[PDB]
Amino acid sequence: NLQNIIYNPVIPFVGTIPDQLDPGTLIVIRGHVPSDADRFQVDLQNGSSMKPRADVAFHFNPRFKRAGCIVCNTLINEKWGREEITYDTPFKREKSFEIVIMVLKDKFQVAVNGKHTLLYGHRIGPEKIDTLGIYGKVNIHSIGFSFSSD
């Protein structure tokens, strides 16, 4: 059921999500972490405004310093909320990944390389998300959606 919006996008990438992230929707991101990566992020946004900065419903932010982690958060009116940090991180410098974001009624559920990674409760209604951004030190092979509505 997977409809790729794009292959091998230049980073930073910002794209319109062509249908609503209804419960059951999957977002599938395939890529590779360069050997000098500090961090990258996948942001599910309410628009693409840079000034002022678009709200980020879901900021999914792998960080590579020390033993590494994933920081998840929400940006509302240009302010970050309570960080949810996952120390059990599957990402590594110079390794390839497949991220699967499952949109559920009340949360995102993220798996990497087929292994459960984390959950993130909705702080912004996911119906307000219409943009996907990927930023930072990361190589993206593909971004695709499997929409509920299809």
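Each residue number is its position in the shown sequence, starting from 1. In this text, rigid core is short for the largest set of C-alphas that superpose within 1.5 Å between two forms.
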item: Higher C-alpha RMS shift from the shown form in 5 other deposited structures of this protein - 132-140 or 5-13, rigid core fit; value: 5-13
item: 63-71 or 104-112, whichever carries the higher mean Cα B-factor; value: 63-71
item: Third of the chain's Cα B-factor distribution that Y120 belongs to, per the entry; value: middle
item: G133 CA temperature factor, ranked by third within the chain; value: lowest
item: Third of the chain's Cα B-factor distribution that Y87 belongs to, per the entry; value: highest
item: Where the record places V28 (Cα B-factor, split into thirds across the chain); value: lowest
item: Cα B factor band for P9 (lowest, middle or highest third within the chain); value: lowest
